[PDB]
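Heads up, the chain below is alone and in the form deposited in one PDB entry; it's given as structure tokens.
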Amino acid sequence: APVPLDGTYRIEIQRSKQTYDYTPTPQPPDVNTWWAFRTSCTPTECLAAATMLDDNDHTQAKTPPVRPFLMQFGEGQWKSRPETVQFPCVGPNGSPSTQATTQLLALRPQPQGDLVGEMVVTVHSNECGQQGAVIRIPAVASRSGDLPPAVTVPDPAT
């Protein structure tokens, strides 16, 4: 004979505390993407461009053509341009919505030819109560071989 639920109740869902049931693989899984990179260096500044490759086949360009990934080196790191991305979300009230975000990738080179850095997501609007929140996601890039013959990369300077 449980005590009856009668009346107004506030229900509080503590999302910041959510956990996954143990599993020996990252949850959510990492996002792995393959890129054909090319670099153009003036004696003033360096730019790199990247064409996205297919996940089922790293020998082929991804179709339809993904916009070329532009990165610029400066102040010790590679950094892409902030992309203004809309983002679905759920507000503190349960109501689904969408919030405005800036996303970029920063990548810092290491001796052996690998890079380490992060993706940075910034929320600019407050539809879901997160205006001003900054999410950082660790990132690793490693060169796994040379350009695939079937794939062009445009000149970064153009």
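Note that residue numbering begins at 1 and tracks the sequence as displayed. Here, rigid core means the biggest group of C-alpha atoms that superpose within 1.5 Å across both forms. Only residues modelled in both forms are compared.
Below: the form deposited in another entry, not depicted.
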Quiz item: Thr42: with the rigid core matched between the shown form and the other one, does its Cα shift 2 Å or more?
Solution: no
Self-check item: Core superposition between the shown form and the other one, C-alpha change of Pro24 at least 2 Å
Solution: yes
Quiz item: Core-aligned, does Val140 move its Cα 2 Å or more between the shown form and the other one?
Solution: no
Exercise. Since the C-alpha distance between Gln27 and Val120 changes by 3 Å or more in the other form, give its direction relative to the shown form: closer or farther.
Key: closer
Quiz item: in the other form, do the Cα atoms of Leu53 and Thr25 sit closer or farther apart than here, given a shift of 3 Å or more?
Solution: farther
Self-check item: After core alignment, residue runs (3 or more) whose Cα moves 2 Å or more between the shown form and the other one
Solution: 1-27
